[PDB]
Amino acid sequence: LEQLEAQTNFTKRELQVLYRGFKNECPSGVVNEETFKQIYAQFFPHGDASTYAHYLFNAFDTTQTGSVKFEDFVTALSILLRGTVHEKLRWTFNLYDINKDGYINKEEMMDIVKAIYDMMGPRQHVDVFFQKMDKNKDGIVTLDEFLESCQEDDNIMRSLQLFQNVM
């Protein structure tokens, strides 16, 4: 846990708590997509959380090997529970960037929104959000454009930022 402590916002005792919990509740030593889906389907039982769970699982699976090891699980938790707003937004951008190419296109945003609406149990609004986010009008939202609009003081962007914070 020494290296993990040095790489995350957790002390060794916090990592021992997470580790013990991880070894008990998840014996294979990794979190598979099936587990993510179960965790979210339990919590959002009155909707279909499978797609969102899928994107979320891919967000945790940084190596894209289909297996979230303890190290990956803690790294994500470190950011989500204790990272700066800057780190949290970057983690979120990477969640929306489905195919992990470093860009978010309108379809991808559309898929993310539908996955969220499916979880909570549309198009028009997204075309409005995407247009405001794609600053240079070239059909792709880069990390820099994402950071800017998701921290800018514009009523529409503020609305979206609030939803994302609660999300």
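One rule holds for the numbers: they count along the sequence shown, beginning at 1.
In this entry, residue 121 and residue 122 are separated by 10 or more residues of the deposited sequence that lack coordinates. Look at the C-alpha B-factors of 108 to 116 and of 58 to 66. On average they run higher in 58 to 66. The question of which stretch, 140 to 148 or 19 to 27, has the higher mean Cα B factor is settled in favour of 19 to 27. Sort the modelled residues of the chain by CA B factor and residue 87 lands in the lowest third.
In this PDB entry, residue 167 carries a Cα temperature factor that places it within the middle third of its chain's modelled residues. When the modelled residues of the chain are ordered by C-alpha B-factor, residue 39 sits in the middle third. Annotation for residue 7: CA B-factor lies in the middle third of the chain's modelled residues.
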